[PDB]
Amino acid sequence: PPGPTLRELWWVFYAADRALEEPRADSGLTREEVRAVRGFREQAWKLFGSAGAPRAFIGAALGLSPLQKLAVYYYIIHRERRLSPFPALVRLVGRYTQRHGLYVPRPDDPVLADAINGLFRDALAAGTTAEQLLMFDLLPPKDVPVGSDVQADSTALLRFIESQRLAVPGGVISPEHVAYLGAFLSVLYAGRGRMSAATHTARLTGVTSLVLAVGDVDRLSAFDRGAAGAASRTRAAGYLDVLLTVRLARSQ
């Protein structure tokens, strides 16, 4: 069974930051597990930055720490095998639990299911936008700007959607698709929300259906049942995995 589980995500989501703010946090676990928490914190900064230096990336309007975003990020991907850093994180939370007690989320803490659904809808909005764009192989002419990180993200998403055969087999990824999806992502990577990104992209492209498509995303949840709920969980896992591979390659 691929990890991480909802229980594992819960312990890390609500107490990993509070556990790291304790002096003897690593005194409970081993060296190989320190090295696992090491890379997890490294990638959290490489993807989302700091609480004071936040990078522009997906899940920007969720009000989550970089560790909380990354934990939700891996749970949606749901491909942690035997080399997962989560048991090291759980044992870190366990040691904090032995010292300062069990931490219960306060009434103004992030809601876990909303944190999952927010990142899950962000991933579906980007993919469903790239899907709507590829349905038109001719759009108002634009060129991809010179130095935009959203170019690498947008290109990888469009190429991945061709591999999924969600777009009609035969179409071409034109520079208009790369540029207009990058405009959606640049807005989405702010705190503007999916609707503000869909409407702004629909203004530029003229794709009228682009707004209602993102609206149907908001009618979905990462906990839906049946083949439909699993099909959306697969899309969100793929899109987030596509953006993850790019962001980790450009950071090296």
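Counting begins at 1, following the sequence as shown.
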Residue stretch of maximal mean CA temperature factor, 165-173 vs 137-145: 137-145
Looking at the entry, does 151-159 or 87-95 show the higher mean C-alpha B-factor? 87-95
Taking the values straight from the PDB record, which of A190, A222, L70, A198 has the highest C-alpha temperature factor? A190
Whose CA atom has the top B-factor in the entry, of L9, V242, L20, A228? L20
CA B-factor placement of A36, once the chain's modelled residues are sorted into thirds: highest
Which third, lowest, middle or highest, does the C-alpha temperature factor of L119 belong to within its own chain? lowest
Entry-reported C-alpha B-factor of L64 relative to its chain, by third, is lowest
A16's Cα B-factor: lowest, middle or highest third of the chain? middle
Using the B-factors in the PDB entry, rank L102's C-alpha atom against the chain and give the third, lowest, middle or highest. highest
